[PDB]
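Input: a single structure, listed below in structure tokens.
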Amino acid sequence: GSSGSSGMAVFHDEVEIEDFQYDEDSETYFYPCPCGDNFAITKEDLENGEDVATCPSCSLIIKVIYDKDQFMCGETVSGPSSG
Ligand SMILES: [Zn+2]
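All residue numbers for the sequence shown refer to the authors' numbering, where the first residue is 1 and numbers rise by one.
Quick look at the structure:
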């Protein structure tokens, strides 16, 4: 019948990107998973406002604490001629 809520936000731990390991090679961050495989989150995903790293093993999801301003600042349209 009426299911209601669809899905449940269950994270393992909120880690700051500062701890993650950015790899220019594939512009993708990494993190040590308590299961085995190291998490992975494409820089793009972050900019889009994801802040979630999935594991190719357990598929765990953690909260990536990063400066939204840092990622955001870049594509922001140009009006007053910022610079
Ligand atoms: Zn894992």
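For every residue, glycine included, the Cβ atom is placed at its ideal position computed from N, Cα and C.
Quiz item: For ligand 1, any of its heavy atoms closer than 6 Å to the Cβ of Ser82?
Solution: no
Query raised in the report: If we count the other Cβ atoms within 10 Å of its Cβ and call it buried at 16 or more, is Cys35 buried or exposed?
Result: exposed
### Query
To which residues of the same chain is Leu46 closer than 8 Å at the C-beta, ignoring the five residues directly before and after it?
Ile17, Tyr29, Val64, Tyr66 and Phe71
For the candidate residues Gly1, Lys68, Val10 and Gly83, whose alpha-carbon lies nearest to that of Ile62? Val10
- Does ligand 1 have even one heavy atom less than 6 Å from the beta-carbon of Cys58? yes
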